[PDB]
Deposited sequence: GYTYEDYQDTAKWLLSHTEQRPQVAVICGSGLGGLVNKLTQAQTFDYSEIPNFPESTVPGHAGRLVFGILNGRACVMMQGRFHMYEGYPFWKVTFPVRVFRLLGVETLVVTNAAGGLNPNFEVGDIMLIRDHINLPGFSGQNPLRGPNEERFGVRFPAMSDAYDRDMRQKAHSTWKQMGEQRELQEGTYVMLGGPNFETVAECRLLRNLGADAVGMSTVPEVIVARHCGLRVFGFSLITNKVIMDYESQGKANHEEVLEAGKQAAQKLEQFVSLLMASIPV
């Protein structure tokens, strides 16, 4: 993996190249990267220019009177990266002094009540790769970050979920805010019909290929976490059509505007 020092160096480099001092880190994923704008006093860095960062920009700025750092593009295991690389940035954020992490993503809907365009607050997750030992904490533990056996049952901050449901009310949305279980699998291919039925019977509400690893690490080093998925699909019958990456579209399709205001409004609630 990386050593404590590597994290530190990277955090020190950041601190001396910007005056920004974020309190919140937001990780934007798969077609979610619309908030660049809305940001005030923005400063951007290419991942390539930040020492030790994995092979895509880091932007600092103020969101709604709140100092943020945003990950514009994230890392996936299906790209060939080990989880210790995918989660490297989470640890740096903690070293910058961040206290809260917002994770977001696009996912396929398993719950029949779901509709394309829906937003699902992540109340909980299912770590399939973790079932088999693929875990960002695998390996000797780093005391400076956290304990050997972190608990995960309270990962998704309850209070933030409460505020998000409140904010949405004020937004006057026509549809309700969904809430549920996100399941992570490796990708990169899309699931078969059997697979989907299986996931659904296991109690999952949405399926994707990221986020979980980042939550675990976050929770391990003490960050408060809040996350949500933008729903975009999905196939459970043997008549049909197939899943398409061109549902990056849906991420634009109406999402951006709503998502953008939602996160913005939410900033006032930390």
### Message
Missing C-alpha coordinates: which residue stretches of the deposited sequence does that apply to?
### Response
56-62, 246-247, 280-281
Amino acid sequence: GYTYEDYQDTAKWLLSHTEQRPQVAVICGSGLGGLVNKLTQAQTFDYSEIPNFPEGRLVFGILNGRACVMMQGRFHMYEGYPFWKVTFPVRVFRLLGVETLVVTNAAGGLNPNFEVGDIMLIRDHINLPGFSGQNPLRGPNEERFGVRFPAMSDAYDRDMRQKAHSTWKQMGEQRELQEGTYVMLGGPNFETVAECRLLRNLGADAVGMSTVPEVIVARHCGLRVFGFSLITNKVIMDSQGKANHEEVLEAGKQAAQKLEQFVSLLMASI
From here on, numbers count along this sequence of modelled residues.
### Task
Look over 250-258 and 14-22 in the entry and identify the one with the greater average Cα temperature factor.
250-258
### Message
Please compare 221-229 with 59-67 and say which has the higher mean C-alpha temperature factor in the record.
### Response
59-67
## Note on the structure
Top Cα B-factor in this entry, restricted to 51, 29, 208, 213, sits on 29
### Summary
residue 91: CA B-factor among chain residues, third -> lowest
### Query
Can you tell me which third, lowest, middle or highest, the CA B-factor of residue 138 falls into for its chain?
middle
### Message
When the deposited Cα B-factors of this chain's modelled residues are ordered and cut into thirds, is residue 118 in the lowest, the middle or the highest one?
### Response
middle
### Query
According to the PDB entry, is the CA B factor of residue 188 in the bottom, middle or top third of its chain, that is, lowest, middle or highest?
lowest
### Task
Relative to the other modelled residues of the same chain, rank the CA B-factor of residue 43 and answer lowest, middle or highest third.
lowest
